[PDB]
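Now for the letters of each chain:
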Amino acid sequence: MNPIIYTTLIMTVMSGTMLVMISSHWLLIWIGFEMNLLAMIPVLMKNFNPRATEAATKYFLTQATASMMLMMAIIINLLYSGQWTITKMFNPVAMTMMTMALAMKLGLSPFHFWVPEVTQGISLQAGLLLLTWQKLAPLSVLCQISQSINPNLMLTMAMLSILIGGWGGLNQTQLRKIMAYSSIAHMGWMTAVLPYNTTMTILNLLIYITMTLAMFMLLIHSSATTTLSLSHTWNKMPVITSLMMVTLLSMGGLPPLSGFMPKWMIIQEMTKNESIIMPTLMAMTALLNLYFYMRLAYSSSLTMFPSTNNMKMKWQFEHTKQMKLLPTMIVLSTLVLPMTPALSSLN
Amino acid sequence: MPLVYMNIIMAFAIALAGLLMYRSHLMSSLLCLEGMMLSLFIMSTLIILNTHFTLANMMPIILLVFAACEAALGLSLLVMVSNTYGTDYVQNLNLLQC
Amino acid sequence: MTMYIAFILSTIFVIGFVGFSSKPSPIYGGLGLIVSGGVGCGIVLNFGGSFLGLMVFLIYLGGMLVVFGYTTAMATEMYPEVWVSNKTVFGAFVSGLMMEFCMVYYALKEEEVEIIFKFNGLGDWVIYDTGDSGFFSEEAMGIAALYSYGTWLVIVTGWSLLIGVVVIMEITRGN
Amino acid sequence: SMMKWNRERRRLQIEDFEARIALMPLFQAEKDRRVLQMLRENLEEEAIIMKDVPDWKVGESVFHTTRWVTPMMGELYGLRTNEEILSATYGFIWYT
Amino acid sequence: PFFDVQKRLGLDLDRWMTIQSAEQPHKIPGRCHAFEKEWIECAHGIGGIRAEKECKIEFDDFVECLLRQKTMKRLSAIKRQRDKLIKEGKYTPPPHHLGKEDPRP
Amino acid sequence: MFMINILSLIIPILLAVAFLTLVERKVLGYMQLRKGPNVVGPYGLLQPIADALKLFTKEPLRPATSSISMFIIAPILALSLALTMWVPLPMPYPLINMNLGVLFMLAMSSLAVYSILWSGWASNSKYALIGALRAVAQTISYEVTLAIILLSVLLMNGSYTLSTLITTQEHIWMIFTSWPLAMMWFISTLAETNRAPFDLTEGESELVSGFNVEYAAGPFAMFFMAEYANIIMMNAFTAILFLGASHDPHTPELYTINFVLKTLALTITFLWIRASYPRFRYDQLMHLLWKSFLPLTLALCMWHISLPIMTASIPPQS
Amino acid sequence: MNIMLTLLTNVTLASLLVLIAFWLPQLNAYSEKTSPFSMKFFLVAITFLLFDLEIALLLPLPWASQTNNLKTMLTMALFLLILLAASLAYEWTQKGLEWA
Amino acid sequence: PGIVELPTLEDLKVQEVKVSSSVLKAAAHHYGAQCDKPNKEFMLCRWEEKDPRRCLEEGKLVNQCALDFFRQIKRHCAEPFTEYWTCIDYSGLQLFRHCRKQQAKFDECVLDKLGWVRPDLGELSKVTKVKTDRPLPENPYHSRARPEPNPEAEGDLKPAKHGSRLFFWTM
Amino acid sequence: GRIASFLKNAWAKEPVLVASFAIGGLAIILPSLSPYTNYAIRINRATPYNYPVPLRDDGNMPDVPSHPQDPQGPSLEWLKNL
């Protein structure tokens with residue numbers, strides 16, 4: 001793929017999301033989603049493999065169904081209200097259909113089945129774009145329509161997403177699949193607070209985006225897609241695996257790392273609304289995510305797995321490409337907890 | 001709501017169910033996608049014509065513009081799948097799991 | 001009988017949708033889609049949307065599915081699957097017609113049917129307005145305002161079509 | 001040549017639209033009177049029809065607002081003959 | 001995250017098509033322009049939560065104009081009872097409704 | 001009496017097709033120093049009757065053995081659409097007066113390709129399927145230019161209503177205004193009707209009989225009738241669009257005569273072209289359209305948009 | 001009803017001929033007569049689709065010429081046409097128009 | 001809710017202008033030129049009131065003025081006008097172009113006998129003033145009382161009482 | 001100089017593209033400098049598609065005519081001369 005074309009496709013993806021987050025007319029929001037899909041599909045297939053084509057096909061089918069359901073919901077809301085504006089939705093059936101469509105776009109369970117497969121199929125960079133940028137538009141749409149959202153459906157989807165993200169990750173030895181299941185769990189965490197306080201969802205999204213950016217950039221730097229390939233990294237770039245361990249501990253939510261603050265604030269807002277059982281179950285279920293994070297850390301940094309003789313060759317050379325934002329992303333992902341009260345800026 | 005709205009919503013529901021229940025071929029599912037788009041076009045057109053929303057009579061056209069874009073994307077994927085497996089069968093999209 | 005032409009057409013539309021939704025070989029599916037597109041054009045014409053309905057006849061029937069057919073032809077299957085070919089396809093086809101009949105009968109017998117929404121069995125002619133549009137086709141003027149009012153829509157749609165050309169090229173590259 | 005003829009055509013169109021403008025007020029009066037008479041006939045026949053039905057007000061407005069609402073085709077032509085209904089609904093669409 | 005860039009820069013990217021009562025070509029009115037205008041004027045600057053109940057009358061009238069569920073229900077009742085009386089034979093439609101008088105021009 | 005009008009449109013068009021066959025045969029013969037059919041009837045007037053009867057009495061071979069429903073629908077669709085496309089044409093008063101008769105004819109032409117598409121596929125042969133595919137591409141490729149050229153010229157009409165074309169060309173033929181578009185449109189008609197030099201579909205010299213290789217007796221006759229009816233209809237559309245005719249409202253006969261003569265001239269031009277040039281190669285056909293014509297049509301479309309604005313000659317909408 | 005009548009009559013006539021040509025001559029007594037490559041050039045077909053979309057977007061132009069904001073209308077119409085030309089030029093230069 | 005106040009049949013009975021469309025179109029220009037005042041008054045009433053019932057009397061006056069216009073035409077220019085509208089009736093579109101000579105005859109006769117002058121192009125389409133004694137409708141939409149706006153912008157901003165007051169943060 | 005060589009080569013080898021680009025460029029440029037474009041706008045404005053709703057006369061509107069054929073108000077003489 002020609003680099004000019006690649007830049008145009010990426011800018012088209014970003015422009016679709018900007019149209020989603022900028023337009024006050026439902027037709028244009030759906031158009032932005034359509035542009036996002038159209039531009040995204042070739043980006044997922046930058047490196048041509050049968051797995052890349054399969055992942056693109058699955059993603060296209062899922063997003064196409066989501067867009068069709070979304071457009072039907074928009075049409076029904078038009079039929080019953082005559083309003084195109086993104087606002088309170090005046091028909092409960094349209095609200096439910098729109099919620100299902102947006103959840104499917106976000107990969108919230110029980111529409112999660114495509115996330116692990118697509119993430120495994122595509123390369124690490126395409127996975128980064130899929131698991132960080134693509135989440136922005138549907139979350140924006142949900143935040144704008146938060147009041148109309150029936151809390152029961154959103155909460156059930158969030159809890160199921162947390163449970164399934166925790167469960168699936170335990171069984172995975174593929175780094176990309178682990179990241180996909182972690183993304184599912186964190187999306188559940190974000191959508192849990194959507195009915196109550198949207199600023200908490202934005203804060204969780206920002207923290208999750210920083211952590212996933214850091215993790216994916218570290219994986220790209222280490223060029224590892226499996227647990228053993230990452231285990232080999234300690235012999236070559238020990239600093240990389242050490243920072244990976246710290247970021248994993250953050251993703252688990254351990255205090256005092258930055259991963260703790262989104263969970264803490266989400267629990268706070270839910271408790272203020274008398275939700276006590278739900279936050280308790282979510283926090284306990286996060287322990288599965290923590291477990292497979294810890295297993296990855298054991299494999300990578302805390303324990304020294306066997307290397308291969310040919311690694312002595314890679315010792316002599318140095319990494320050619322530098323990802324400029326990786327250090328700052330690590331710092332934000334790990335050491336921003338003393339700075340939570342600044343959560344009033346995005347407010 | 002008059003019965004025509006019921007019929008068209010039923011058509012969309014049927015097409016959606018057909019899309020969600022594949023049998024073998026991907027082309028049949030893409031046919032269901034195009035069909036759902038037709039239902040949406042007809043529903044939107046009826047709403048806009050009945051309410052005399054003059055400035056929204058173009059919304060059905062844009063919907064179809066992006067319907068054909070989606071169809072084209074679907075066919076562009078289907079050809080590659082067929083090349084890699086020899087058929088458009090859904091069961092060959094099995095390499096990625098979970 | 002001419003009082004419920006719209007309803008007859010909508011029923012045919014639903015039947016065609018059951019036809020291509022049961023998934024016979026994409027040839028018959030295409031036939032069902034073509035019939036449904038023509039019938040939707042009929043309904044739209046009845047509601048006063050001559051241009052819009054005609055668009056489906058050309059840019060949908062002779063467009064999106066004209067290539068759908070060209071595609072199936074390239075990927076030829078050994079046998080033309082029909083509704084009866086698979087018991088499930090035939091069974092679903094019959095059940096789909098039955099489902100339509102049940103709601104249709106209920107709507108007519110029960111003045112007010114409520115499947116998921118509330119529908120009144122009165123003929124569609126009731127909802128029509130008694131106003132006069134004068135020396136104008138409201139649909140035509142609304143569609144032509146896409147250039148005078150919907151400049152933003154024009155920009156986004158044109159950009160999407162260009163990026164669609166680029167995207168299709170890249171997807172069909174195949175490396 | 002086309003420029004000359006099209007300018008003349010626009011002039012003639014302005015003339016015809018001016019004629020329509022001149023005739024419009026009379027048509028508006030006739031249309032308003034016809035609509036009101038049709039509504040009155042519907043109301044009277046409706047009182048005769050639904051006198052025996054319990055808890056049915058006759059001619060009760062379905063809208064909360066006490067403002068004139070343009071009647072739908074169903075109100076005006078609800079109980080007329082099918083030929084009148086077909087004409088009023090689909091005449092312009094079908095006429096060719 | 002609805003960055004209201006249109007309001008910040010004073011650009012009417014899509015708000016022209018947001019409502020049916022907005023300006024339309026050649027001032028062609030919508031079928032429910034009056035009701036929609038009333039509902040918007042009622043629900044302006046009072047917030048959605050207040051608007052959901054303090055303008056419920058306007059919204060109900062708007063919905064009725066859009067869908068005419070209640071009008072169709074009333075007309076269906078009228079047709080039902082007319083058919084019932086015709087079967088009982090205690091009603092006879094007037095000659096003008098039968099087409100025996102020329103309608104007013 | 002409307003049914004009487006339908007029959008009056010249908011049957012004479014079929015008779016005209018039948019005798020157009022003889023006309024083609026004789027014209028091709030005379031341009032090849034030969035004499036057309038003349039034994040069968042005075043000056044060969046009875047030849048089409050003999051041809052039709054021979055075809056019908058001939059064996060009805062059918063080794064299709066696949067989707068016989070399609071193998072029967074394709075001739076039906078072709079003939080029905082060929083007959084229908086004649087309906088909106090104003091000669092000078094159209095049978096059905098549509099505000100958008102032009103787009104109706106475009107849609108019907110696009111649909112008519114499905115007849116070739118299905119016939120070739122349901123035949124389930126080699127030449128038939130591949131030839132049918134080449135057809136789809138050919139018609140599809142020129143459909144684009146056909147639409148653009150049509151839109152460009154109607155920018156002067158002010159509507160898609162065929163009847164107003166008579167008013168617009170009352171003082172001069174639109175060919176004087178848009179002759180480059182006229183040339184491209186004429187070539188486009190040739191491609192759409194699958195006529196030489198674009199007779200790739202049937203393409204007897206290359207493909208034994210093309211899509212109709214497995215069609216014989218009556219169904220082949222219906223395909224032939226549809227082809228020739230499309231030829232006459234497309235030439236009539238050209239005559240109405242560009243070679244306008246004087247219409248006296250009190251005596252429509254004068255316009256009808258003038259229109260019929262112009263359509264005959266254009267059909268004779270079609271036969272003349274079939275005789276003169278050899279057949280374009282499938283590849284060269286597409287090269288001539290997407291790479292050579294499509295551009296010029298875009299430029300002329302921009303020009304025909306701009307001209308009414310900069311010349312203050314925007315036609316009246318009504 | 002006129003257009004519906006025309007459609008019905010034409011379809012019935014054509015189908016009647018198909019009947020008299022598939023069954024009527026099939027009676028005549030006789031005897032026994034016994035009796036794909038993946039096209040990647042289908043890209044042309046797909047490009048037709050995306051060009052047919054612009055075709056649809058361009059059809060309203062005759063009525064679009066009747067607006068008072070003729071400047072905006074002309075700018076947007078030429079914008080769409082120039083984008084179509086750019087798409088064609090891109091496919092041409094990238095050898096994407098590899099017909100047959 | 002309330003009962004619709006449909007007017008009685010007797011009040012809506014008016015003398016009717018029983019002339020075909022071609023007849024009206026033939027006299028359309030002079031009819032607009034002569035009968036403008038009542039027509040403009042009725043139009044203003046209809047557009048301000050937005051109720052067909054409120055302006056029945058103005059419609060009656062419009063119909064009467066049209067009848068007087070046609071009575072004068074019958075009295076003074078009957079035959080030329082009949083020829084004009086018979087010419088116009090033939091054309092399906094009722095075009096003015098085909099009947100220019102009969103139009104000239106009718107215009108000449110009407111200018112002589114009655115003094116009417118045909119309005120020029122772009123004249124009948126002009127927005128005109130109407131002086132009316134009918135009061136302007138106060139609430140033509142019959143709108144309810146608008147709900148009271150929320151209180152806003154109380155006054156100046158001061159720092160938070162003790163900062164964020166978030167858990168343990170002192171600032 | 002080299003531009004002339006490019007134009008000559010283009011006209012020799014791809015005349016259709018030269019014609020298309022010339023026509024498109026003229027279509028872009030010429031309307032901007034055409035005096036008659038404002039005339040086209042005025043013509044489109046003058047078409048009386050919708051009724052000219054009368055306005056109540058408050059006694060302070062000298063410019064608005066009280067009746068057609070009065071000297072006050074817009075004039076279409078420019079179109080008639082056109």
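Residues numbered from 1 in each chain as written, not as in the entry; some residues may be left out. Chains lettered and ligands numbered in written order. Part of a larger assembly, values for the part shown. Heavy atoms only, no water. Residues with missing side-chain atoms left out of burial classes, pairs and counts.

For this entry, the PDB record names cryo-EM as the structure determination method and reports a resolution of 3.47 Å.

Moving on to the overall build of chain G. Scanning chain G from N- to C-terminus turns up four helices and zero strands. In terms of overall size, chain G is more extended than a compact globule, its C-alpha atoms giving a radius of gyration of 25 Å where 100 residues would be expected to give roughly 13 Å. In terms of overall dimensions, chain G has C-alpha extents of about 70 × 45 × 10 Å along its principal axes. (Helix = DSSP H or I, 4+ residues; strand = E, 2+ residues; numbered from the N terminus. Rg over C-alpha atoms; globule rule 2.2 N^0.38 Å.)

This part covers a nonpolar patch on the surface. Residues and elements named next belong to chain F. The grouping of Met 1, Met 3, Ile 4, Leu 7, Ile 11, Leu 15, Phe 19, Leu 45, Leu 46, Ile 49 and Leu 53 at the surface amounts to a nonpolar patch, some 1000 Å² of accessible area in total. Those elements that provide at least two residues to the nonpolar patch are α1 (2-31) and α2 (47-57). Of all the elements, α1 adds the most residues to the nonpolar patch, at six residues. Relative to the elements of secondary structure, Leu 7 occurs in helix α1. Taking the relative accessible area as the measure of exposure, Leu 7 reaches 33% and is therefore partly exposed. (Patch = residues over 30% accessible without salt bridge, like charges linked within 9 Å, V, L, I, M, F, W, Y side chains within 5 Å. Areas by Shrake-Rupley, 256 points an atom, 1.4 Å probe, with all protein chains shown as cover. Salt bridge = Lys/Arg side-chain N within 4 Å of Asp/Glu carboxyl O. Buried < 20%, exposed > 50% of the residue type's maximum accessible area, 1.4 Å probe, protein only.)

Residues and elements named next belong to chain A. It is at 10 Å that the axes of helix α9 (residues 175-192) and helix α10 (residues 198-222) come closest, and there the two elements cross at 170°. In terms of orientation, α9 and α10 fall into the roughly antiparallel class. Across from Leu 175, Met 179, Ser 183, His 186, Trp 189 and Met 190 in α9, the residues of α10 making contact are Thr 201, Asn 204, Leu 205, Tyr 208, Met 211, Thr 212, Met 215, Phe 216 and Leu 219. (Axes fitted to C-alpha atoms, helices over the stretch in contact; angles between N-to-C directions. Parallel < 35°, antiparallel > 145°, perpendicular 65-115°, else oblique. Contact = heavy atoms within 4.5 Å.)

Attention now goes to the packing of aromatic side chains. Following the criterion strictly, the structure yields 46 aromatic pairs over all chains and no others. A ring pair is formed by D:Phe17 and I:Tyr49, whose centres lie 5.4 Å apart and whose planes are at 50°; its orientation type is tilted. Taken together, the residues D:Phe17 in helix α1 (residues 2-49) and I:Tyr49 in the loop between α3 (36-46) and β1 (55-56) connect one chain to another. In this structure, D:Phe17 and I:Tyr49 share a single accessibility class: buried. Geometrically, the ring pair formed by I:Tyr36 and I:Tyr39 is tilted, given 5.9 Å between the ring centres and 40° between the ring planes. On the criterion of helical spacing, the pair formed by I:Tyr36 and I:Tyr39 is a turn pair, its members being three residues apart in helix α3. Classification of I:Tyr39 as partly exposed rests on a relative accessible area of 29%. Here a set of aromatic residues connected by ring pairs shows up, and it is made of A:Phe260, A:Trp264, H:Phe167, H:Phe168 and H:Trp169. Above the face of the H:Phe96 ring, H:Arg118 is positioned so that its terminal group lies 5.8 Å from the ring centre. Sitting over the face of the ring of I:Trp78, I:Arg42 holds its NZ or CZ atom 4.1 Å from the ring centroid. (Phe/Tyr/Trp six-rings, centres within 6.5 Å; stacked < 30°, edge-to-face > 60°. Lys NZ or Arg CZ within 6 Å of the ring centre and 35° of its normal.)

Quick look at the state of the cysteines now. Using the criterion set out here, one finds five disulfides over all chains in the structure. The residue that forms a disulfide with H:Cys45 is H:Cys55, at a sulfur-sulfur distance of 2.0 Å. Here the disulfide of H:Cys45 and H:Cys55 is left-handed, its torsion about the S-S bond being about -90°. Taken together, the positions of H:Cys45 in helix α4 (residues 36-49) and H:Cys55 in the loop between α4 and α5 (56-90) put the pair 10 residues apart, joining distant regions of the chain. Each member of the pair, H:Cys45 as well as H:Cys55, is classed as buried. Bridging H:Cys77 to H:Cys109, the disulfide has an S-S length of 2.0 Å. Given an S-S torsion of about 135°, the disulfide between H:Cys77 and H:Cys109 has right-handed geometry. You can see H:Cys77 sitting in helix α5 and its partner H:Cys109 sitting in helix α6 (residues 100-113), a full 32 residues away along the chain. For H:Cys77, a relative accessible area of 1% translates into the label buried. The thiol of F:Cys301 is unpaired, and the distance to the nearest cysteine sulfur, on B:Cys69, comes to 20 Å. (Disulfide = S-S within 2.5 Å.)

Right, let's talk about the side chain of G:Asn10 for a bit. Following the sequence through the fold, G:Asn10 ends up in helix α1 (residues 2-22). Its relative accessible area of 1% is what places G:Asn10 among the buried residues. At 2.8 Å, the side chain of G:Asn10 forms a polar contact with the side chain of F:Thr84. Setting aside anything within four residues of it in sequence, one finds G:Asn10 in contact with F:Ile6, F:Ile10, F:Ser80, F:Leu83, F:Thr84 and F:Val87. (Polar contact = N/O pair within 3.5 Å; in protein donor to acceptor, adjacent residues only side chain to side chain.)

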